[PDB]
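Visitor: Once you've had a glance at the structure underneath, I'll fire off some questions.
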Amino acid sequence: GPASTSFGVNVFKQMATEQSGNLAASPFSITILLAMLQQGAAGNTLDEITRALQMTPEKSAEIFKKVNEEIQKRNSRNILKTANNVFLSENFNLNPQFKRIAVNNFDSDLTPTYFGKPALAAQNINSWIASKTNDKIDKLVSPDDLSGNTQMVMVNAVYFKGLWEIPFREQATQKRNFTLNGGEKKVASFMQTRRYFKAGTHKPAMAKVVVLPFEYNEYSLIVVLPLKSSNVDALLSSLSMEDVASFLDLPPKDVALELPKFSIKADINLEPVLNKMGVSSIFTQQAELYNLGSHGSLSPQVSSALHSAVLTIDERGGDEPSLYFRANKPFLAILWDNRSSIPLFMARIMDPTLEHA
């Protein structure tokens with residue numbers, strides 16, 4: 001259900017309280033990072049991770065094996081590209097069992113890496129990420145973050161560009177004003193259609209909801225728009241993923257929809273937020289990750305934990321309305337996996353004209 005990615009949703013919500021502006025992240029990728037680390041953890045580190053995930057190592061491995069299986073079964077024009085890896089310094093011997101679980105359950109790997117030439121290491125990691133993400137994510141790792149003393153670089157990146165079940169008519173896309181928080185007006189490209197969508201008003205959230213399906217209903221874009229009486233950060237704080245899951249049961253309504261085109265990219269260093277979310281041990285020299293790799297009796301620790309998320313929407317697809325849904329002010333967008341019932345992407349869209357978070 002949505003409980004499996006609760007840690008990642010909590011991380012996203014924490015990050016939202018600390019900065020304004022566009023914000024995008026994958027609860028799936030952030031949870032995969034921790035659930036993968038759990039498979040090599042012991043002692044206090046294992047305890048911290050288990051408490052944060054609310055899953056045992058055996059449970060998280062089983063859940064994400066199936067989530068990944070359902071993704072890889074898809075043969076459609078929806079493009080979901082993931083890049084998960086653990087780059088372990090060659091000063092450490094990799095644990096073959098951890099590597100097996102990485103590959104067989106987490107769509108990830110354990111990869112020996114020489115960090116003594118930092119520019120070469122950074123570019124090799126970035127080139128691998130770019131090769132896995134249709135070249136959409138290509139500069140996540142900086143050479144200045146690496147040195148001969150780097151022990152472990154964790155990367156979890158995700159790119160999504162889907163095809164709507166029904167297209168937006170390109171000649172219906174129109175330039176209209178989008179009003180930012182605070183009052184600044186900016187021209188944006190609003191895609192427009194009028195169709196039946198699962199939609200409604202969530203009063204516990206003081207917000208309108210529309211569910212926009214992608215091809216073969218593999219995914220949905222769930223768009224949540226605060227009413228005049230509220231704002232997007234109040235909305236985000238109160239909105240549970242159990243609420244979001246229920247939106248897929250909303251009856252179809254005749255909706256006149258105006259939705260800005262956007263493409264949002266975020267590159268995120270997770271160490272600050274993970275230090276706030278109860279898993280600080282993984283970065284310390286007291287980290288207990290000996291079943292991930294070993295140097296004599298020494299455990300590695302996490303040197304860098306890096307996440308990138310890219311989500312792009314456009315028009316392409318395969319007598320007064322019941323609801324007007326005009327997203328010409330800040331709103332929330334959630335990319336939902338309809339088969340596994342988890343949020344793959346969360347975005348707070350403050351300004352659809354800007355591509356960065």
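Going through the structure tokens in order, the chains are called A, B, and so on, while each chain numbers its residues from 1 and the ligands are numbered from 1 in the order shown.
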Residues near residue 147 of chain A, anyone? I mean within 6 Å using only C-alpha atoms, not counting same-chain ones fewer than 5 positions away, as an mmCIF file with N, CA, C and O atoms, in the first residue's frame.
Guide:
```cif
data_model
loop_
_atom_site.group_PDB
_atom_site.id
_atom_site.type_symbol
_atom_site.label_atom_id
_atom_site.label_comp_id
_atom_site.auth_asym_id
_atom_site.auth_seq_id
_atom_site.Cartn_x
_atom_site.Cartn_y
_atom_site.Cartn_z
ATOM 1 N N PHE A 115 38.074 5.973 -5.822
ATOM 2 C CA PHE A 115 37.816 7.395 -5.638
ATOM 3 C C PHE A 115 39.089 8.235 -5.601
ATOM 4 O O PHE A 115 39.001 9.458 -5.430
ATOM 5 N N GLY A 116 40.264 7.617 -5.759
ATOM 6 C CA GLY A 116 41.521 8.345 -5.693
ATOM 7 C C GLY A 116 41.720 9.357 -6.800
ATOM 8 O O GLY A 116 42.513 10.288 -6.635
ATOM 9 N N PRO A 118 39.253 11.791 -8.190
ATOM 10 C CA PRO A 118 37.853 12.194 -7.960
ATOM 11 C C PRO A 118 37.126 12.635 -9.215
ATOM 12 O O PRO A 118 35.940 12.324 -9.350
#
```
Visitor: Show which residues sit within 7 Å of residue 2 of chain A, as number ranges by chain. Count only C-alpha atoms, and ignore same-chain residues fewer than 6 positions away.
Guide: A: 241-242, 341-342
Visitor: Please save C-alpha atoms of the selected residues as a JSON list (two decimals), in the first residue's frame.
Guide:
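To be explicit, this is the file written out as result_36.json:
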```
[["chain", "number", "residue", "atom", "x", "y", "z"],
["A", 241, "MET", "CA", -1.12, 9.05, 1.39],
["A", 242, "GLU", "CA", -4.14, 7.10, 2.65],
["A", 341, "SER", "CA", -0.43, 2.01, -4.73],
["A", 342, "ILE", "CA", 2.62, 4.15, -3.94]]
```
Visitor: I want to know what sits within 7 Å of residue 293 of chain A, based on only C-alpha atoms, with residues of the same chain fewer than 5 positions away left out; could you give that as a PyMOL selection string?
Guide: chain A and resi 92-95+299-300
Visitor: For residue 79 of chain A, list every protein, DNA or RNA residue within 10 Å, evaluated using only C-alpha atoms, and leave out those in the same chain fewer than 3 positions away; present the list as a PDB file with C-alpha atoms, in the first residue's frame.
Guide:
```
ATOM      1  CA  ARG A  74       5.229  -2.663 -18.354  1.00  0.00           C
ATOM      2  CA  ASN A  75       5.670  -2.461 -22.154  1.00  0.00           C
ATOM      3  CA  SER A  76       4.046   0.880 -22.917  1.00  0.00           C
ATOM      4  CA  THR A  82      15.360   4.434 -12.464  1.00  0.00           C
ATOM      5  CA  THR A 133      17.845   7.842 -17.409  1.00  0.00           C
ATOM      6  CA  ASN A 134      17.655   8.637 -21.151  1.00  0.00           C
ATOM      7  CA  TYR A 159      12.902  10.145 -14.530  1.00  0.00           C
ATOM      8  CA  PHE A 160       9.279   9.983 -15.654  1.00  0.00           C
ATOM      9  CA  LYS A 161       7.576  11.142 -18.834  1.00  0.00           C
ATOM     10  CA  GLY A 162       4.264   9.436 -19.552  1.00  0.00           C
ATOM     11  CA  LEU A 163       1.624   9.349 -22.260  1.00  0.00           C
TER      12      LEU A 163
END
```
Visitor: Please provide the set of residues having any atom within 12 Å of residue 38 of chain A, restricted to only C-alpha atoms, with same-chain residues fewer than 5 positions apart removed, written as a PyMOL selection string.
Guide: chain A and resi 31-33+43-61+98+101-102+106+279+282+287-292
Visitor: Produce a file of the selected residues containing N, CA and C atoms, as an mmCIF file, in the first residue's frame.
Guide:
```
data_model
loop_
_atom_site.group_PDB
_atom_site.id
_atom_site.type_symbol
_atom_site.label_atom_id
_atom_site.label_comp_id
_atom_site.auth_asym_id
_atom_site.auth_seq_id
_atom_site.Cartn_x
_atom_site.Cartn_y
_atom_site.Cartn_z
ATOM 1 N N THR A 31 12.976 5.869 -0.194
ATOM 2 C CA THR A 31 12.762 4.658 0.594
ATOM 3 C C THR A 31 13.685 3.533 0.132
ATOM 4 N N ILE A 32 13.870 3.388 -1.190
ATOM 5 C CA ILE A 32 14.754 2.349 -1.731
ATOM 6 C C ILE A 32 16.164 2.513 -1.185
ATOM 7 N N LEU A 33 16.644 3.759 -1.110
ATOM 8 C CA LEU A 33 17.953 4.036 -0.530
ATOM 9 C C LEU A 33 18.078 3.406 0.852
ATOM 10 N N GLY A 43 22.992 -3.866 14.519
ATOM 11 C CA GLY A 43 23.086 -3.096 15.747
ATOM 12 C C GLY A 43 22.247 -1.839 15.722
ATOM 13 N N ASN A 44 22.830 -0.740 16.213
ATOM 14 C CA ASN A 44 22.074 0.506 16.314
ATOM 15 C C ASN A 44 21.695 1.064 14.946
ATOM 16 N N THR A 45 22.523 0.841 13.919
ATOM 17 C CA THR A 45 22.177 1.315 12.580
ATOM 18 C C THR A 45 20.952 0.592 12.039
ATOM 19 N N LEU A 46 20.907 -0.724 12.211
ATOM 20 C CA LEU A 46 19.736 -1.488 11.797
ATOM 21 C C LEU A 46 18.493 -1.031 12.547
ATOM 22 N N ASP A 47 18.634 -0.764 13.848
ATOM 23 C CA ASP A 47 17.510 -0.318 14.665
ATOM 24 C C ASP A 47 16.956 1.009 14.150
ATOM 25 N N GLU A 48 17.846 1.977 13.882
ATOM 26 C CA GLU A 48 17.423 3.273 13.352
ATOM 27 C C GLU A 48 16.687 3.120 12.033
ATOM 28 N N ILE A 49 17.240 2.320 11.118
ATOM 29 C CA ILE A 49 16.618 2.194 9.799
ATOM 30 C C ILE A 49 15.277 1.483 9.904
ATOM 31 N N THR A 50 15.213 0.419 10.708
ATOM 32 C CA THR A 50 13.961 -0.318 10.855
ATOM 33 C C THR A 50 12.862 0.567 11.435
ATOM 34 N N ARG A 51 13.206 1.394 12.429
ATOM 35 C CA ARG A 51 12.232 2.317 12.993
ATOM 36 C C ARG A 51 11.772 3.332 11.956
ATOM 37 N N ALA A 52 12.691 3.806 11.114
ATOM 38 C CA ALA A 52 12.332 4.829 10.133
ATOM 39 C C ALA A 52 11.454 4.257 9.032
ATOM 40 N N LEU A 53 11.772 3.053 8.560
ATOM 41 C CA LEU A 53 11.012 2.457 7.464
ATOM 42 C C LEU A 53 9.704 1.843 7.928
ATOM 43 N N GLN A 54 9.630 1.431 9.197
ATOM 44 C CA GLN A 54 8.502 0.647 9.710
ATOM 45 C C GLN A 54 8.327 -0.646 8.910
ATOM 46 N N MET A 55 9.451 -1.224 8.492
ATOM 47 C CA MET A 55 9.490 -2.518 7.831
ATOM 48 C C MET A 55 10.733 -3.266 8.283
ATOM 49 N N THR A 56 10.611 -4.585 8.419
ATOM 50 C CA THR A 56 11.778 -5.412 8.665
ATOM 51 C C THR A 56 12.581 -5.565 7.374
ATOM 52 N N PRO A 57 13.854 -5.959 7.471
ATOM 53 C CA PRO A 57 14.637 -6.177 6.238
ATOM 54 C C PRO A 57 14.005 -7.186 5.286
ATOM 55 N N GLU A 58 13.454 -8.281 5.814
ATOM 56 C CA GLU A 58 12.812 -9.270 4.954
ATOM 57 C C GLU A 58 11.560 -8.693 4.306
ATOM 58 N N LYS A 59 10.814 -7.867 5.043
ATOM 59 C CA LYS A 59 9.601 -7.287 4.476
ATOM 60 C C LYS A 59 9.935 -6.266 3.396
ATOM 61 N N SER A 60 10.900 -5.376 3.657
ATOM 62 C CA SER A 60 11.223 -4.358 2.659
ATOM 63 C C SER A 60 11.774 -5.004 1.389
ATOM 64 N N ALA A 61 12.535 -6.097 1.527
ATOM 65 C CA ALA A 61 13.081 -6.776 0.355
ATOM 66 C C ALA A 61 11.971 -7.400 -0.479
ATOM 67 N N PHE A 98 24.886 -9.089 -0.114
ATOM 68 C CA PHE A 98 24.280 -7.773 -0.286
ATOM 69 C C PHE A 98 24.122 -7.445 -1.764
ATOM 70 N N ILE A 101 21.123 -9.325 -3.243
ATOM 71 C CA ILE A 101 19.842 -8.736 -2.869
ATOM 72 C C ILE A 101 19.626 -7.421 -3.606
ATOM 73 N N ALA A 102 20.695 -6.636 -3.781
ATOM 74 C CA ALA A 102 20.618 -5.387 -4.537
ATOM 75 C C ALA A 102 20.046 -5.617 -5.923
ATOM 76 N N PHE A 106 16.088 -4.937 -5.394
ATOM 77 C CA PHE A 106 16.037 -3.482 -5.318
ATOM 78 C C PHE A 106 16.372 -2.778 -6.633
ATOM 79 N N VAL A 279 18.085 8.734 11.144
ATOM 80 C CA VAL A 279 18.983 7.705 10.627
ATOM 81 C C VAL A 279 20.400 8.257 10.533
ATOM 82 N N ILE A 282 24.049 6.288 9.888
ATOM 83 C CA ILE A 282 24.611 5.767 8.643
ATOM 84 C C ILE A 282 25.767 6.607 8.127
ATOM 85 N N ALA A 287 28.807 3.761 12.026
ATOM 86 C CA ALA A 287 27.844 3.046 11.198
ATOM 87 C C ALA A 287 28.142 1.558 11.190
ATOM 88 N N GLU A 288 27.093 0.760 11.341
ATOM 89 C CA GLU A 288 27.193 -0.701 11.396
ATOM 90 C C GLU A 288 26.635 -1.246 10.088
ATOM 91 N N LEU A 289 27.493 -1.274 9.066
ATOM 92 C CA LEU A 289 27.149 -1.731 7.725
ATOM 93 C C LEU A 289 28.116 -2.816 7.273
ATOM 94 N N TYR A 290 28.577 -3.643 8.216
ATOM 95 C CA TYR A 290 29.593 -4.638 7.904
ATOM 96 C C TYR A 290 29.093 -5.699 6.932
ATOM 97 N N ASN A 291 27.787 -5.928 6.856
ATOM 98 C CA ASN A 291 27.259 -6.904 5.911
ATOM 99 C C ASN A 291 26.988 -6.291 4.544
ATOM 100 N N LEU A 292 27.382 -5.032 4.343
ATOM 101 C CA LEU A 292 27.464 -4.420 3.027
ATOM 102 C C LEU A 292 28.878 -4.531 2.455
#
```
Visitor: Report the distance between atom CA of residue 347 of chain A and atom CA of residue 22 of chain A in Å, rounded to one decimal place.
Guide: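 About the pair atom CA of residue 347 of chain A and atom CA of residue 22 of chain A: they are 7.4 Å apart.
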Visitor: Using only C-alpha atoms, which of A:352, A:318, A:182, A:21 sits nearest residue 215 of chain A?
Guide: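 Result for the nearest residue to residue 215 of chain A: A:318.
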Visitor: Write out as a PyMOL selection string each polymer residue whose atoms come within 12 Å of residue 246 of chain A, counting only C-alpha atoms; drop sequence neighbours fewer than 3 positions from it.
Guide: chain A and resi 1-2+198-200+202+209-211+222+239-243+249-251+336+338+341-342
Visitor: Just C-alpha atoms for this one: save the residues we selected as a tab-separated table (two decimals), in the first residue's frame.
Guide:
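Everything below was put into again-v4.tsv:
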```
chain	number	residue	atom	x	y	z
A	1	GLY	CA	0.00	0.00	0.00
A	2	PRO	CA	1.24	3.56	0.44
A	198	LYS	CA	-12.09	10.80	-11.26
A	199	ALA	CA	-12.33	14.05	-9.32
A	200	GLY	CA	-13.82	15.72	-6.29
A	202	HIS	CA	-11.39	16.72	-0.33
A	209	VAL	CA	-8.57	16.81	-6.69
A	210	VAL	CA	-8.36	15.43	-10.24
A	211	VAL	CA	-6.87	12.05	-11.24
A	222	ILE	CA	-2.99	13.18	-9.01
A	239	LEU	CA	-2.51	15.35	3.21
A	240	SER	CA	-1.94	11.67	3.99
A	241	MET	CA	-1.12	9.05	1.39
A	242	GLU	CA	-4.14	7.10	2.65
A	243	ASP	CA	-6.17	10.13	1.56
A	249	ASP	CA	-12.00	5.61	-5.84
A	250	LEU	CA	-13.60	8.98	-6.65
A	251	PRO	CA	-16.47	8.73	-9.15
A	336	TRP	CA	0.96	7.40	-8.51
A	338	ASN	CA	-1.77	2.40	-9.81
A	341	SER	CA	-0.43	2.01	-4.73
A	342	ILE	CA	2.62	4.15	-3.94
```
Visitor: By how many Å are atom CA of residue 333 of chain A and atom CA of residue 261 of chain A apart?
Guide: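 Separating atom CA of residue 333 of chain A from atom CA of residue 261 of chain A is a distance of 11.9 Å.
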Visitor: Could you find all residues in segment 54-257 of chain A that DSSP calls alpha helix (DSSP H) from the backbone, and write them as a ChimeraX atom specification?
Guide: /A:57-72,96-105,118-132,232-238,241-247
Visitor: Which residues are close to residue 117 of chain A, i.e. within 12 Å by only C-alpha atoms, leaving aside same-chain residues fewer than 2 positions away? Reply as a count of residues only.
Guide: 18
